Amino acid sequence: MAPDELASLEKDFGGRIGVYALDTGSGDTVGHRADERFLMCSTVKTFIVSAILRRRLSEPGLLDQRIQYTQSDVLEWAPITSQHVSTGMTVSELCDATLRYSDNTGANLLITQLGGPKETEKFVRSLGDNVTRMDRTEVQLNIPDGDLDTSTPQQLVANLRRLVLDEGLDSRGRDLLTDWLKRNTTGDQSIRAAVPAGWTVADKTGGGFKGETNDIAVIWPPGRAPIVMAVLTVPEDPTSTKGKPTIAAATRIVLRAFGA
């Protein structure tokens, strides 16, 4: 029933929907186009921040380091970092802004601190991800260009499970990451719109210039093991605003499949 409903949803949407979801209690999965490539867009911020958290283990005091930047660094969507050009922000504060507000300048600053876009790639490679690639910075990473800056739904779930639930990070880095994701402010109309009230969700959204809309999440229902999922969407109509409600509709399909 669920993969049929996902195929029906995709037909209604007009475009391509990639879904993968794992119930860590049952071990059951739901998938549609789960092995196909999609732009990660800003979902990649999850991994940039995770790479910074791992890097701190080799660079004592990294999170407290204050980074100075300039007006040239400030992009159109830089809700936090645009307010602190004179005074700088710490690496921790840049991780906060990058995840909770999808701050694009924050992301770029962190990529520079790591040593460039391939450093995040080296990080996911260390987790055993041989699928994802990172190539560009904000905002060019949102523009389709070959397979640059792509992953698949299933790979994104594997990585999110490893980082939020398992030992991809040390326990304090996992808590830092997970709290920032739980506290995301940009996901209310995506996966979260479909989840019952009171259940905790950790998520990271992404979106492109042609209506591409993504969300990846961990969901904690009461009294059972968490669910990890990814929904990636590419409308045929490049001006479509249907991505977010389509994500919520796919989530409702998934939750019903998982008895939630």
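Residue indices: 1-based, along the sequence shown.
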Tell me which stretch, 7-15 or 248-256, has the higher mean Cα B-factor listed in the entry.
7-15
Between 22-30 and 225-233 (mean CA B-factor, as deposited), the higher:
22-30
Peak C-alpha temperature factor (PDB record), options 104, 72, 178, 150:
72
When the entry's CA B-factors for 213, 50, 42, 68 are compared, the highest one belongs to 68
Ranking every modelled residue in this chain by its Cα temperature factor as given in the entry, which third contains residue 218?
lowest
Among modelled residues of the same chain, the CA temperature factor third for residue 155
lowest
Please rank the C-alpha B-factors of the chain's modelled residues and tell me whether residue 125 sits in the lowest, middle or highest third.
middle
Quick check on the deposited entry: does the C-alpha B-factor of residue 81 sit in the lowest, middle or highest third of its chain?
middle
Lowest, middle or highest third: which one holds residue 46 when the chain's residues are ordered by CA B-factor from the entry?
lowest
